[PDB]
Amino acid sequence: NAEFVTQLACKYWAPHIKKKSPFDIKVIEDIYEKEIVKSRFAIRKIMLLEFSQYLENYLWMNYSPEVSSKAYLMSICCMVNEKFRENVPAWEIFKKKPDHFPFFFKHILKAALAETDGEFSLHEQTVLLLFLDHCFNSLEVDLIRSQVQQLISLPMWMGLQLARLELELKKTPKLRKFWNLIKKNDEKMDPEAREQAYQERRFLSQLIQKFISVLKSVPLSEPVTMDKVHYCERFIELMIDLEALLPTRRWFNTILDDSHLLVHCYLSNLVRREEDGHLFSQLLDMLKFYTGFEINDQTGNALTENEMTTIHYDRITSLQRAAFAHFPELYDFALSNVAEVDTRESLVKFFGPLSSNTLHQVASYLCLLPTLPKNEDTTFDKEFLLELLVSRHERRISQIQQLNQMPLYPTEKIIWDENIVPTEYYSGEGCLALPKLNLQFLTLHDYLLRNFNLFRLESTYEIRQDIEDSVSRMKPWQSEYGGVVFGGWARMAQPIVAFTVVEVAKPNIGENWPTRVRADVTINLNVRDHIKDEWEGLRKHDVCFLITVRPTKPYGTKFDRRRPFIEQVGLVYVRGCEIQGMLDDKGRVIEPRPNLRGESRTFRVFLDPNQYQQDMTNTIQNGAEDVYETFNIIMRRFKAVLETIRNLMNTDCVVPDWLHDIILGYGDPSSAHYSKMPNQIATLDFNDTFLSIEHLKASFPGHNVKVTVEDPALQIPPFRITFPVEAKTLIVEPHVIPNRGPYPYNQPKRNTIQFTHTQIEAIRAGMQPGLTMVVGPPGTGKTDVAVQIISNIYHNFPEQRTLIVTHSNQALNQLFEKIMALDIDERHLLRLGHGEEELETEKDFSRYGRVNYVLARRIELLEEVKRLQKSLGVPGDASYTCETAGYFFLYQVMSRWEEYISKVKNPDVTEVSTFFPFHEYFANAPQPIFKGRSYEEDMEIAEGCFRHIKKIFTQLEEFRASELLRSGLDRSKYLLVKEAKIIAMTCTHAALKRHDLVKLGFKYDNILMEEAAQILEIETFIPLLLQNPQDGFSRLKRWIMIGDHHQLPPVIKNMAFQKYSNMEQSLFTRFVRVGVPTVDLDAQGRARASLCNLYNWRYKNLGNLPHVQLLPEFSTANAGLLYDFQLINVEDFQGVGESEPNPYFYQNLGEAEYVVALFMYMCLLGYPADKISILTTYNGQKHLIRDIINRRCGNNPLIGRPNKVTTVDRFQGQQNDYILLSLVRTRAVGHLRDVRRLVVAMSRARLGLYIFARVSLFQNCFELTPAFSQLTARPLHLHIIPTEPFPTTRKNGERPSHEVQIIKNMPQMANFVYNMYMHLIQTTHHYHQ
Amino acid sequence: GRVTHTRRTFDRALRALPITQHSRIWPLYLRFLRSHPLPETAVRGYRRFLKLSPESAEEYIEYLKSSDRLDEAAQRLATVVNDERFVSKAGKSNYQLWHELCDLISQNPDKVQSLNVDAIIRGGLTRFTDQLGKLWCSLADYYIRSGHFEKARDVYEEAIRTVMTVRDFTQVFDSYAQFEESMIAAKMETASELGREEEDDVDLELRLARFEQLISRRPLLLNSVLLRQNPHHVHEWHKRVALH
């Protein structure tokens, strides 16, 4: 009933319709009952209803207590569920109309506590379980917290047994005053209000009882419904969320302990059903781990070992007292100490042969259950009693040892597990035993365990999907003696004739994993010739996978797509690899390739720092097989990460106390501002920012500029700028940067960028201690603001280290390139990496480059010392090393300056020239520096020359290390230790070498970050553990990151990670979600206003600088296109809209050929082939565009190649004058829902964008309404001026003086392009060849 | 009284670099050290990173260890505890043994947190080995300033594993008698573990009498430990004692 649902939507609720039919309760009931109920809650019907926006247009806007029905409640719950599944904002309707939200959520909770299998079936009951988990996990929302308020509050303890609550009030006496206060305030409540409050407080207890009973209603071996299992599973999922959230657990976990849900779980047959209850038992295991987590219930801080041990041994002592007083059989048990009974073994040896009613009496005296009356029978089994007692009193292992005992490799029981490491086809209907990383963590160990579970799950998703790659072409066969066999030919896959681990290199000091593990993979290429060229084109760093399979289908078994591929193909394990090159007959990795003889090729790869570390840990500690030997295949197109997580978990993680709660997301998140830093420097030098006093006045729109000098021609210096603490007065104190000698070439380099007041506020928040996030929209100068803030910090802080972290090569290369124009010496800048790194800057910042620059400047300084000696007229022919140069400095230059000082500073301008005794040292300089007109200025220039000589001597004192470190690596380590005050590197390099530099001498005093939206929660939590603490406190004094919460996040290998765990929520965006201040630049200079509106609507007051507003290049018309940004509909062509050659390989020849006609039209008009960028919604679409273009134009001498024909997200960090977008999708919108990727693909045009898209398909995307408003403002055809070559003098607004063509389709467009090219072929000719 | 005369004096005296003027400049900075630690600290940094001699940091340390700034003294001593090319920076003269004597002076009853003294004893034993004497003193202080519960038992077990000579079992005996009640099962089984200690003719009585006269009740275990503590060769009255 797709047509039925569509007609109903277009009639009653669908957008983009003039008149809509009104809402009817019959409409909602019929839709639900006939689509969801009849087809059993269809995923595709849910998707079509979501695309029709039932919740945003139909459900809630007409919902009310009078309209509250089971169908409507279930429909809104399923809409919120599909919103969570597809990652769309869900409760915007509830935020818009919060009026009936109380009745709605109250009826939802009533439905969750209502009779199971009664009115609401188990399907709707598990739906409500997951929806309630969502309503709890969205507790940062005001109105949902408003319903959870009294229901999960401390009055939730009203559902515990009287003895347990009394003992809680006794162990915490101040809880009794709050209980009395609650009982007193309840007096003023109405009977309906009192019953509602008690029902809210007992809702969780009743739901837990209902879930435990649903579990107990499942038989052991007789088959039962999967829906009840999944309902108990989603219940445990909500339990895990409310148990891992601190203010949500604080009281609910007390009722959870009173109920012992873990006990009934581990006693039920569901936890014994290996195949039925695998994921459910895994969830229960997470719940038991978190219930035995060492976190204080009262304050939320993790407890000490002394604390948790005292708790357990005090429970043991009270149990022994209770034994002596109430169990005669347990006199010895009362005499047994902690070390005697604290183990489950002896505890059970003492409590198991007890009686059933006796153990019930024990539980009653320990306040575990209802009291056992006289001569009664306890209906709870001795099994239940003893299990509860032994789980409550038995020793538990610390989370530290538990985490350290985990081997860091994925095993064969995990590689094929979808319940924790699912696939890429996961629809999202079921749950996965997955971490949750959104807002707040109980402890740093908690957040780290979540992030480590996520990284290892990503690696297991890489060892699950690529694991079935033993030749994946025709389902590899089993052969004689169960061995492997290749049944066909494979293009992107091949069986490896062997693989030999070639190098086990030692680790760096401190880290627990080797530095380099390489393996050589030998395969005999008895396949096609062009395929062999594709194979032998191997290069450095190319991402490869070694795949292991132990296939179980015997030789010749058919293939079935909808079945689990893992078990289908018998995958074992797949680990990544990075090919450094091919090995040839000289044993050398390919670095003019030598001619390959034979078809055998061995490639040398090396995956990671810890590439062969994790499997080593597994085989050493717990007997896992050696996975580097059972692989079967090499195929092309996380162990060091888990080791860094382990470093964090095993070190005290001594973090700044101003960043602990910040990274934990809890508390007041505004305590991270330079406004909330009590250590603020009042009088600071932002010098390299302010270019003028007018600029200092303009950067302070609401501040009163109080400048201590009135003379205007004497106030534009590196002026010191003090901020207040009447209350708006910024003090401008003029200065003079002291001279550095007589050569005007030594004049310090100054910025040319007139940074706006907002960017200056960001730079100031960075130059004032604390943490900051700077929001950089497309083209507002995030890199420039980073370089400026680092400049100011180096200006006001000479000894401080600047740690510049980045995500990619372009970011750090831009940092170094922009720093190349600052008054910074080449001895303070340092660069790390992952190995090979193309120097994309002007001057070499590398390790070897640094030692070479050290040698060059040391040559220079020693030569200056020698020439200074000659200028002094000393006897001696020997040359001086830096030690002798320091000696000679202190002996003569300092001595001569002391003579000059005792002469001239204890007084003639003639003496200024008479007593400067280095005239032969200044013989190669301007005409005599001391002019003698002014004593002060002459003294300034002479002192500047002597301090120049002093700087020579100080560079020599620095270069002492280069002579004391004979090796290049040693001297570079010495520079990174002492000479480096600028350490800039990638997040991957930080996570790789974190402990290495930490034990090698790393320091961190001020840190800056770029591309903060491209590094993960764990990849951005890593840099906090870059060094060791200093005297009980961390060395980190500030961290200023620049990012964009509206752009592309880091890519998850297998999208199941962001599907279930939402790991895509980066640290930057998570801070934004907390609500932390962000210093939002909004001043663009790369896109004119018309094209910029394609991405500036999404940001906070996103604008453009006068440069973008008035650039003569900015309003220049685009040649041959009267539209500057066009979205032209691509209708059916050859019957095809969105098409699919291979599974998930979406392509559309229609929009591809429209883009082809457009790009060839650019080639035929003269638009620069560099300024033609082709982007798509699919890499399959990019490949189709490339193949058709190279098949039609190819070497057409009138046509160049479009600069980029590749992936939208893989084009991030870049831009173009023209971006040609192929929105092939017309069946489903897909991942275009992500506003991040939306702004990414929309901000790829600086002056021109040409999109071939499905207009109605795009307008049906609710997230794409602010984008489609600017998209459909133009005609849906190609509106061009064909007779207009590359240069078009017309403005973007000025009327055309040429013939205008309105092309309605790709066939006519291509025919016209071919005809114009044909007239060009008859009249003209190119000659490049 | 003005730094100009002293600075110019030392500067014109550093015209050459023979042994002369060192006995002026070093004590000049030493006299400048009063009312300002900055001249002594920066001059000590410049000296220890300056002209070449073994006694430069020696005079800097003699001036800086008497001071109220011990970071600068032990910092000269750290630049000495590298020495960067020269193990025997002095040879039969010891300045690292001097650092260990300073460590004992800081382990004196000033910082009694039972953390810094043991850390300084470990640092002094790590610079150069201290065998059974300072090692016995460090284990004694670590077991005595510690508690009585399983923490003292772990201290005495690790210190037994590292123990060298006799009376280390006497230190563990002191720990045990002070730990007479560490738990309610065996009542400091360390009494038995140390009464059955090393086999022939060493103590045979120390931990036994410790458990016996913590104050007194009746040990009932020390007798079994001591007469089970290697009587004479196999066939003898040994069965009679072990039976009595």
# chains A, B, ... in the order shown; residues from 1 in each chain; ligands from 1
>>> interface_residues(of="chain A", to="chain B", cutoff="12 Å", atoms="only C-alpha atoms", output="compact mmCIF listing (two decimals) with C-alpha atoms, in the first residue's frame")
# COMPACT_ATOMS: atom_id res chain seq x y z
CA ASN A 306 39.63 1.26 50.22
CA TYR A 313 33.87 -6.14 54.03
CA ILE A 316 30.53 -9.16 55.30
CA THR A 317 30.86 -7.96 58.92
CA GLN A 320 28.64 -12.26 60.22
CA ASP A 332 31.76 -20.58 62.42
CA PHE A 333 30.56 -18.29 59.61
CA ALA A 334 30.36 -15.42 62.09
CA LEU A 335 33.86 -16.38 63.25
CA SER A 336 35.17 -16.31 59.66
CA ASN A 337 36.92 -13.10 58.61
CA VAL A 338 36.81 -11.20 55.31
CA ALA A 339 39.66 -13.30 53.88
CA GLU A 340 37.68 -16.37 54.97
CA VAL A 341 34.23 -15.78 53.42
CA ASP A 342 34.61 -12.94 50.90
CA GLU A 883 80.95 26.24 23.18
CA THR A 884 83.92 28.45 22.25
CA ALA A 885 81.51 31.02 20.80
CA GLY A 886 79.66 31.16 24.12
CA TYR A 887 82.99 31.51 25.91
CA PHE A 888 84.08 34.34 23.62
CA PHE A 889 80.71 36.07 23.98
CA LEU A 890 80.91 36.07 27.78
CA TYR A 891 84.62 36.99 27.62
CA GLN A 892 84.57 39.96 25.21
CA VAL A 893 81.12 40.90 23.88
CA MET A 894 79.49 40.94 27.31
CA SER A 895 82.70 42.53 28.62
CA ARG A 896 82.74 45.18 25.88
CA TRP A 897 79.06 45.94 26.47
CA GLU A 898 79.81 46.27 30.19
CA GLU A 899 82.56 48.78 29.38
CA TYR A 900 80.19 50.69 27.09
CA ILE A 901 77.50 50.64 29.79
CA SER A 902 79.83 51.86 32.54
CA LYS A 903 80.83 54.62 30.11
CA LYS A 905 74.97 54.82 31.32
CA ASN A 906 76.57 56.41 34.37
CA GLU A 957 74.11 28.24 23.19
CA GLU A 958 71.10 26.53 21.61
CA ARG A 960 75.30 23.29 21.77
CA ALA A 961 72.70 20.51 21.59
CA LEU A 964 76.19 17.22 21.74
CA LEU A 965 73.85 15.03 19.66
>>> residues_around(residues="residue 135 (chain B)", least_positions_apart="6", cutoff="12 Å", atoms="only C-alpha atoms", output="PyMOL selection string")
chain B and resi 118+120-126+128-129+141-142+159-160+162-165+168
>>> write_last_selection(atoms="N, CA and C atoms", output="mmCIF file, in the first residue's frame")
data_model
loop_
_atom_site.group_PDB
_atom_site.id
_atom_site.type_symbol
_atom_site.label_atom_id
_atom_site.label_comp_id
_atom_site.auth_asym_id
_atom_site.auth_seq_id
_atom_site.Cartn_x
_atom_site.Cartn_y
_atom_site.Cartn_z
ATOM 1 N N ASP B 118 60.830 7.151 52.261
ATOM 2 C CA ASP B 118 61.007 5.896 51.537
ATOM 3 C C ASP B 118 61.301 6.136 50.063
ATOM 4 N N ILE B 120 62.963 8.695 48.949
ATOM 5 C CA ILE B 120 64.341 9.166 48.891
ATOM 6 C C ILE B 120 65.310 8.021 49.150
ATOM 7 N N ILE B 121 64.913 7.052 49.978
ATOM 8 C CA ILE B 121 65.761 5.883 50.200
ATOM 9 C C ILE B 121 65.805 5.022 48.948
ATOM 10 N N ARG B 122 64.677 4.903 48.246
ATOM 11 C CA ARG B 122 64.677 4.210 46.963
ATOM 12 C C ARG B 122 65.503 4.955 45.919
ATOM 13 N N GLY B 123 65.438 6.288 45.901
ATOM 14 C CA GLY B 123 66.249 7.048 44.964
ATOM 15 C C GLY B 123 67.736 6.940 45.254
ATOM 16 N N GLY B 124 68.109 6.965 46.535
ATOM 17 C CA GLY B 124 69.506 6.803 46.898
ATOM 18 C C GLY B 124 70.021 5.394 46.685
ATOM 19 N N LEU B 125 69.161 4.388 46.862
ATOM 20 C CA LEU B 125 69.562 3.027 46.544
ATOM 21 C C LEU B 125 69.636 2.807 45.038
ATOM 22 N N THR B 126 68.851 3.559 44.263
ATOM 23 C CA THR B 126 68.882 3.441 42.810
ATOM 24 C C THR B 126 70.077 4.152 42.193
ATOM 25 N N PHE B 128 73.138 4.618 43.709
ATOM 26 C CA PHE B 128 74.115 3.589 44.024
ATOM 27 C C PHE B 128 73.487 2.603 44.998
ATOM 28 N N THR B 129 73.858 1.334 44.855
ATOM 29 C CA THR B 129 73.246 0.284 45.658
ATOM 30 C C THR B 129 73.538 0.493 47.138
ATOM 31 N N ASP B 141 61.740 1.209 58.125
ATOM 32 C CA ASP B 141 60.892 2.393 58.162
ATOM 33 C C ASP B 141 59.586 2.175 57.408
ATOM 34 N N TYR B 142 59.622 1.447 56.290
ATOM 35 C CA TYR B 142 58.410 1.228 55.510
ATOM 36 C C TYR B 142 57.447 0.290 56.221
ATOM 37 N N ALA B 159 59.348 -7.037 51.555
ATOM 38 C CA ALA B 159 60.626 -6.792 52.214
ATOM 39 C C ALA B 159 61.328 -8.089 52.601
ATOM 40 N N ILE B 160 60.577 -9.180 52.788
ATOM 41 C CA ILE B 160 61.190 -10.487 52.984
ATOM 42 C C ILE B 160 61.753 -11.005 51.671
ATOM 43 N N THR B 162 62.882 -9.224 49.360
ATOM 44 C CA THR B 162 64.083 -8.426 49.157
ATOM 45 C C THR B 162 65.067 -8.518 50.319
ATOM 46 N N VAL B 163 64.736 -9.268 51.374
ATOM 47 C CA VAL B 163 65.566 -9.307 52.574
ATOM 48 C C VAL B 163 66.924 -9.924 52.263
ATOM 49 N N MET B 164 67.948 -9.450 52.968
ATOM 50 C CA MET B 164 69.313 -9.901 52.722
ATOM 51 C C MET B 164 69.870 -10.716 53.887
ATOM 52 N N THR B 165 69.745 -10.198 55.106
ATOM 53 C CA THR B 165 70.462 -10.746 56.251
ATOM 54 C C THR B 165 69.472 -11.014 57.378
ATOM 55 N N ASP B 168 65.980 -9.092 59.564
ATOM 56 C CA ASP B 168 64.847 -8.720 58.726
ATOM 57 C C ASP B 168 63.611 -9.506 59.142
#
>>> closest_residue(among="B:20, B:190, B:213, B:75", to="residue 225 (chain B)", atoms="only C-alpha atoms")
B:190
>>> residues_around(residues="residue 938 (chain A)", least_positions_apart="3", cutoff="12 Å", atoms="only C-alpha atoms", output="number ranges by chain")
A: 739, 741-742, 904, 907-916, 928-935, 941-945
>>> write_last_selection(atoms="N, CA and C atoms", output="CSV table (one decimal), in the first residue's frame")
chain,number,residue,atom,x,y,z
A,739,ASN,N,64.6,47.4,19.6
A,739,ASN,CA,65.3,47.2,18.3
A,739,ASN,C,66.2,45.9,18.4
A,741,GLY,N,69.1,45.5,16.2
A,741,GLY,CA,70.3,45.8,15.5
A,741,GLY,C,70.1,46.8,14.4
A,742,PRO,N,71.1,47.0,13.5
A,742,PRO,CA,71.2,48.0,12.5
A,742,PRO,C,70.6,47.6,11.2
A,904,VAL,N,78.6,55.0,29.2
A,904,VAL,CA,77.5,55.8,28.6
A,904,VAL,C,76.2,55.7,29.4
A,907,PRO,N,77.9,61.0,29.2
A,907,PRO,CA,76.5,61.0,28.7
A,907,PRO,C,76.3,61.9,27.5
A,908,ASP,N,76.9,61.6,26.4
A,908,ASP,CA,76.8,62.4,25.2
A,908,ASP,C,76.4,61.5,24.0
A,909,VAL,N,75.6,62.2,23.1
A,909,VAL,CA,75.3,61.5,21.8
A,909,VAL,C,76.6,61.3,21.0
A,910,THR,N,77.6,62.1,21.3
A,910,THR,CA,78.9,61.8,20.7
A,910,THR,C,79.5,60.5,21.4
A,911,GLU,N,79.4,60.4,22.7
A,911,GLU,CA,79.8,59.1,23.3
A,911,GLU,C,79.0,57.9,22.8
A,912,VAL,N,77.8,58.1,22.3
A,912,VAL,CA,77.0,57.0,21.7
A,912,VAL,C,77.8,56.4,20.6
A,913,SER,N,78.5,57.2,19.8
A,913,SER,CA,79.4,56.7,18.7
A,913,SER,C,80.8,56.4,19.2
A,914,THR,N,81.3,57.1,20.2
A,914,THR,CA,82.7,56.8,20.6
A,914,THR,C,82.8,55.5,21.4
A,915,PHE,N,81.8,55.1,22.1
A,915,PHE,CA,81.9,54.0,23.1
A,915,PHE,C,81.2,52.7,22.6
A,916,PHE,N,80.7,52.7,21.4
A,916,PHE,CA,80.3,51.4,20.8
A,916,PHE,C,81.4,50.7,20.1
A,928,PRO,N,76.8,54.7,9.3
A,928,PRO,CA,76.9,54.5,10.8
A,928,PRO,C,75.5,54.6,11.5
A,929,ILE,N,75.2,53.5,12.3
A,929,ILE,CA,73.9,53.3,12.9
A,929,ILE,C,73.6,54.5,13.9
A,930,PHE,N,74.6,54.8,14.7
A,930,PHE,CA,74.4,55.8,15.7
A,930,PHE,C,74.5,57.2,15.0
A,931,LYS,N,73.4,57.9,14.9
A,931,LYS,CA,73.4,59.2,14.2
A,931,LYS,C,73.8,60.3,15.0
A,932,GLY,N,73.7,60.2,16.4
A,932,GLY,CA,74.2,61.2,17.3
A,932,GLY,C,73.3,62.4,17.4
A,933,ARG,N,72.2,62.4,16.7
A,933,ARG,CA,71.2,63.5,17.0
A,933,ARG,C,70.5,63.3,18.3
A,934,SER,N,70.1,62.1,18.7
A,934,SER,CA,69.4,61.8,19.9
A,934,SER,C,70.2,60.7,20.7
A,935,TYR,N,70.4,61.0,21.9
A,935,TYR,CA,71.1,60.1,22.8
A,935,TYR,C,70.3,58.8,23.0
A,941,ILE,N,69.7,52.0,19.1
A,941,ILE,CA,70.3,51.3,18.0
A,941,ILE,C,71.6,50.5,18.4
A,942,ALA,N,72.4,51.1,19.2
A,942,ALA,CA,73.6,50.4,19.7
A,942,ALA,C,73.3,49.2,20.6
A,943,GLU,N,72.4,49.4,21.5
A,943,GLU,CA,72.0,48.3,22.3
A,943,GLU,C,71.3,47.2,21.5
A,944,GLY,N,70.6,47.6,20.4
A,944,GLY,CA,70.0,46.6,19.5
A,944,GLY,C,71.1,45.8,18.8
A,945,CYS,N,72.2,46.5,18.4
A,945,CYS,CA,73.3,45.7,17.8
A,945,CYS,C,74.0,44.8,18.8
